[PDB]
Amino acid sequence: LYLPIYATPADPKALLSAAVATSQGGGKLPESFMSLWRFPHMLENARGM
Amino acid sequence: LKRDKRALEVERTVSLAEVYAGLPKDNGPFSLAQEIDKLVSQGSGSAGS
């Protein structure tokens, strides 16, 4: 005689993704070396490099 | 450019007559005056060591 109650499933859970970042240490300048060329030439050289 | 350096540019006079006058006795020292004029006369000869 008793009519059982029926359960309705809930809405699906919203899937979530994790996005993490990476960190890297900065570099250090090497040892400067005394050149032979004058500044305009060593600058045209380096600028090309 | 790391390895290059300004080199001491030098000049030296070399006197062939003096050098050929100076080589050791067993090598037979000779001034070019008395062999240039005789080897031109006959080319089969030789001088020095």
# chains A, B, ... in the order shown; residues from 1 in each chain; ligands from 1

$ interface_residues --of "chain A" --to "chain B" --cutoff "12 Å" --atoms "only C-alpha atoms" --output "PyMOL selection string"
chain A and resi 32-37+42+45

$ select_by_dssp --residues "chain A" --states "alpha helix (DSSP H)" --output "list in words"
residues 39, 40, 41, 42, 43, 44, 45, 46, 47 and 48 of chain A

$ write_last_selection --atoms "N, CA, C and O atoms" --output "mmCIF file, in the first residue's frame"
data_model
loop_
_atom_site.group_PDB
_atom_site.id
_atom_site.type_symbol
_atom_site.label_atom_id
_atom_site.label_comp_id
_atom_site.auth_asym_id
_atom_site.auth_seq_id
_atom_site.Cartn_x
_atom_site.Cartn_y
_atom_site.Cartn_z
ATOM 1 N N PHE A 39 85.911 51.863 -28.466
ATOM 2 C CA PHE A 39 84.493 51.680 -28.157
ATOM 3 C C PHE A 39 83.582 51.611 -29.378
ATOM 4 O O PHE A 39 82.697 50.742 -29.396
ATOM 5 N N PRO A 40 83.688 52.485 -30.387
ATOM 6 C CA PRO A 40 82.789 52.348 -31.548
ATOM 7 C C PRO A 40 82.877 51.004 -32.262
ATOM 8 O O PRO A 40 81.844 50.463 -32.683
ATOM 9 N N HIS A 41 84.059 50.390 -32.301
ATOM 10 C CA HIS A 41 84.219 49.112 -32.986
ATOM 11 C C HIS A 41 83.698 47.946 -32.156
ATOM 12 O O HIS A 41 82.975 47.084 -32.666
ATOM 13 N N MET A 42 84.078 47.892 -30.881
ATOM 14 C CA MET A 42 83.548 46.881 -29.973
ATOM 15 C C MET A 42 82.043 47.012 -29.767
ATOM 16 O O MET A 42 81.357 46.006 -29.560
ATOM 17 N N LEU A 43 81.496 48.218 -29.924
ATOM 18 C CA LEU A 43 80.046 48.388 -29.937
ATOM 19 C C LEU A 43 79.392 47.900 -31.225
ATOM 20 O O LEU A 43 78.349 47.246 -31.164
ATOM 21 N N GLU A 44 79.956 48.198 -32.396
ATOM 22 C CA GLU A 44 79.385 47.617 -33.614
ATOM 23 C C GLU A 44 79.480 46.091 -33.620
ATOM 24 O O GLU A 44 78.514 45.405 -33.993
ATOM 25 N N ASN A 45 80.546 45.557 -33.027
ATOM 26 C CA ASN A 45 80.712 44.119 -32.846
ATOM 27 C C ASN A 45 79.622 43.551 -31.942
ATOM 28 O O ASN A 45 78.880 42.635 -32.330
ATOM 29 N N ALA A 46 79.544 44.054 -30.711
ATOM 30 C CA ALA A 46 78.574 43.531 -29.762
ATOM 31 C C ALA A 46 77.151 43.707 -30.276
ATOM 32 O O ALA A 46 76.329 42.805 -30.122
ATOM 33 N N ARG A 47 76.800 44.901 -30.761
ATOM 34 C CA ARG A 47 75.477 45.110 -31.347
ATOM 35 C C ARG A 47 75.135 44.071 -32.417
ATOM 36 O O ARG A 47 74.005 43.570 -32.462
ATOM 37 N N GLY A 48 76.104 43.704 -33.266
ATOM 38 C CA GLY A 48 75.865 42.625 -34.222
ATOM 39 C C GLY A 48 75.590 41.284 -33.563
ATOM 40 O O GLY A 48 74.645 40.566 -33.918
#

$ atom_distance --atom1 "CA of residue 20 (chain B)" --atom2 "CA of residue 45 (chain B)"
16.8 Å
